[PDB]
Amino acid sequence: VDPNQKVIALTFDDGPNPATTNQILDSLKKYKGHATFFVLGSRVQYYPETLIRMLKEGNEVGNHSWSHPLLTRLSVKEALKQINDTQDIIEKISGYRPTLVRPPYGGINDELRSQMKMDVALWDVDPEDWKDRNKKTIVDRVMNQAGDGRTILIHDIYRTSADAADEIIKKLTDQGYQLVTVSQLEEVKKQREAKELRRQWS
């Protein structure tokens, strides 16, 4: 990943759902991009083959809870079990241990942050594809807000979202973006910040 070229992080929440997730994985592979999938533990259990595929093709996997409750409405014990059960099924299938968590609906408090022992991954472009389940609406919202260094929130459980994602992947690739994982984006930003280190010997 070249830090002097454009980068963007496509992130996909609520899968796996083979019919839609596999289409998005195909688009990423066709256009030589990667993304980050925040998966539900219950759906990983239903669709272990899709977890293996997204990892095999170089994508990053994050934790999106077991069954998608608002974690702040639960006891800490129940909420931590949501997260740890999802860590556990991912590890049992793949040997992979996510470091990134996206709490359902973004709901999180300080008590859970300190006990989760994971990095909370947010977003800054949200086309609300669960609300406007319309391919062109999603595409145009994302393409209008896309920019270097931004993180896009899509849900890979809707046909309109998978179709929109193919077009978004194509158009961003056509514009010269590198489609990177969340961790790759963080590393690029560190590489770019490091140019200020050179001030020490200027």
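A residue's number is simply how far along the shown sequence it sits, counting from 1.
Relative to one another, 103-111 and 78-86 have unequal mean CA B-factors, and 103-111 is the one with the higher figure. Averaged over Cα atoms, the B-factor as recorded in the entry is higher for 66-74 than for the other of 66-74 and 157-165.
As recorded in the PDB entry, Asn134 shows the highest C-alpha B-factor of the residues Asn134, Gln145, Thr50, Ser27. Across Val182, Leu179, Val188, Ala194, the entry's maximum B-factor at the CA atom is seen for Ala194. For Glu91, the recorded CA B-factor ranks within the middle third of the chain. Only modelled residues enter the ranking. Among the modelled residues of its chain, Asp129 has a C-alpha B-factor that falls in the middle third according to the deposited record.
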